[PDB]
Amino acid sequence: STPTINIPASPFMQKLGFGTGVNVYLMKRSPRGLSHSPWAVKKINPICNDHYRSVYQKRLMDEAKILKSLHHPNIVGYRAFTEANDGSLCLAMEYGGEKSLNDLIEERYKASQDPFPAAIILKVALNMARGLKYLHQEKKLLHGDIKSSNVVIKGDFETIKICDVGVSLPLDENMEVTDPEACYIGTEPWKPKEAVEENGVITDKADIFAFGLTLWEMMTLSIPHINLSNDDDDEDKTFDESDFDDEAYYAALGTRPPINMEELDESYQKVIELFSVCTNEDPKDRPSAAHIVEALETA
C-alpha cells in the first residue's frame, strides 16, 4: 500500500471539534512539474472558464496605455485599478449599456418579428461609422470583429457604442494590417473575403464589410449566410443542424447576403444602398469609415 502517518489528537485539532488522531497518506516529491506543464494549464482548470481573469485581463503596460486612451462617444474603453506593477496591469472593459444590438435583434424577433425601422438602422450606422473613423484615423487600429454582439445600446438607442476594441490589428500608414504577427479572425459569418483568402490583404475596409453585415442584421433579424437547407415553406417550428445548409454556408463566406426587399420597402432606400456598397466584393469599392460619416452626417 502507500506509506501512512498518524497525526496525534492535538488540542488545536480538538478546537475544530475533532478530537482524535488522523491517519494520512504520504508523498515524497510534489508533482509540481506535471501540474504546471502546458498540458495541465490547458486541460485542467482552463483559464477560459475562469471568471475573474475574463473580467480583469492582464495586459502589457504598452497595450494597456493604448486601451486606456480610447476616449470617444461611440467606443467602449477600458480602465485599470493600479499603476502598472512591473510588466503588466489588469484592465476591465467599461460599461456602455444593459443590452447589445444582438440582444435587441432577437428581442424583436420574438415579438414583431418586424425589421428595425430604417430611421434607427441609419442612426446605428452613423454612430458605428463615427466610432470606426476614430479607431481607423485616430488610433490607427482595426477593430476586427464588428457584429451586433460588439455593439452595446443604452436604453432606446440613447447611445450606440462599439466594444471589445483590440490592439492587435494596428493599421499601417497605408491603412493596412501589415504587422507580421497580426491575424484577422472576427466571427466566421461576418468575415470579409480577404479574411478567408487564407492569404488576402487585411485593409481598414475589413471593418466596413462587417459594419455592413451588422446593418443587414437589423434588416433581416438573421445571421449572415445561415439559410434552411430545405425550406418546406418554413414548415416545422423547430430547427437544428439537420435543416441547416452546410453547403451554402461555407460557400458564401465573404459575400454579400441576399437582401429581403420583399419584407422591407421604400424608406429603407439609403439603408440598402449603404449596406450594398459596404459589402461590395472588392475592398477599394467599399467606403472609408470617414466617407460613411459625412456621407451620412447632414447628407
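We number the residues from 1 along the sequence you see.
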property	result
Mean C-alpha temperature factor, higher of 60-68 and 239-247	239-247
Selected stretch [higher average CA B-factor]: 92-100 or 220-228	220-228
Identity of residue with top Cα B-factor, from 199, 82, 187, 148	199
Options 152, 213, 175, 141 - largest CA temperature factor per the record	175
Chain third (lowest, middle, highest) by recorded CA B-factor, residue given as residue 31	highest
Third of chain Cα B-factors occupied by residue 183	highest
Within-chain third of residue 252 by Cα B-factor, per the entry	highest
B-factor third for the C-alpha atom of residue 192 within its chain	middle
Third of chain Cα B-factors occupied by residue 106	middle
